[PDB]
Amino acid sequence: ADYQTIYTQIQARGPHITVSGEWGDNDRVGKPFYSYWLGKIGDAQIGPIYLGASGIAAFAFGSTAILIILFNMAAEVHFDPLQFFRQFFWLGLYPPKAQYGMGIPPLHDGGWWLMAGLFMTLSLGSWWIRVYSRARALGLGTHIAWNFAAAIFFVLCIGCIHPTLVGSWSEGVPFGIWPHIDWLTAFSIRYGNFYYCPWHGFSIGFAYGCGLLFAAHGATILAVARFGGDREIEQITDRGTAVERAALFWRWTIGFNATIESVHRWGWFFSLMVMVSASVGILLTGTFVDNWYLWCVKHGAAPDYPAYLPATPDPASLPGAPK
């Protein structure tokens, strides 16, 4: 077996490299240090970190959002520190419970939620600028930023775009561990079972495919690490036996194959499509479809099944039944 694919047997140390960027080389703070146990399964060097304007703006806005959330959470346990740790998972900051439409809600019923939403959104935009500009500063393409953009766009969809399209802030995602989980069922119940939303299906198809692709790609590179397949950039520009064997393994298995470069386009595309499909689904939901199951029945797609115990009429529609 190739033990190098499991962990680094003999680690190496050397002077720390610094690639210069078009700006901000002085905003790298911290002194690098080395972790021997990290170095078994990764690169041993931790830090320094770049510390630009957008990154600080992100930390500023983020912490503001975190603080607004934590304070409202603590209010929910009347500031008892012990119950706060006990009940942490169950605590939350909720959008309005009452229907104000799109009017700004009272602070006690969703205003603080809206506030925390604003500052998180600013934090996401600020970090996006960091992710984008750091690439151009180092003379790299902006591929990560465009993937990250789709992920931010999906959050905005469930956070505020879908609420504004249907016209009620009551539909946003709460802040908190269990409560953001509870939203998923409330939403799916409201809109007629999300299994029957084709864009749920698409998103899941791509999410599962990301698991398929990264398991397959990761396994492939490790299987050709003896020929240096991990040095992917120079295998793109000068095809070595590593990527020839990787390409032929798949070709002989499934009948076709990618290149060392194109496999990353596949992976990038699949990842992006998780978020793009999710967003189309949310954008259609509530605006143009009210019950995804009935929409599938309307178009003849839903499965049906025999009764097992007897079919049961809606009692509310029998004559003389109470309301």
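Numbering starts at 1 and runs along the sequence shown.
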Mean Cα B-factor comparison, 302 to 310 or 20 to 28, giving the higher one as deposited:
20 to 28
Greater mean Cα temperature factor according to the PDB record, 29 to 37 or 254 to 262:
29 to 37
Per the deposited B-factor column, the C-alpha that peaks among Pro105, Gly201, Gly192, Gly211 belongs to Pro105
Chain third (lowest, middle, highest) by recorded CA B-factor, residue given as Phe89
lowest
Comparing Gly47 with the other modelled residues of its chain, is its CA B-factor in the lowest, middle or highest third?
middle
Modelled-residue ranking by C-alpha temperature factor, third containing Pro95:
middle
Lowest, middle or highest third: where is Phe288 by C-alpha B factor in its chain?
middle
Going by what the PDB entry lists, where does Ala207 fall on CA B-factor within its chain: lowest, middle or highest third?
lowest
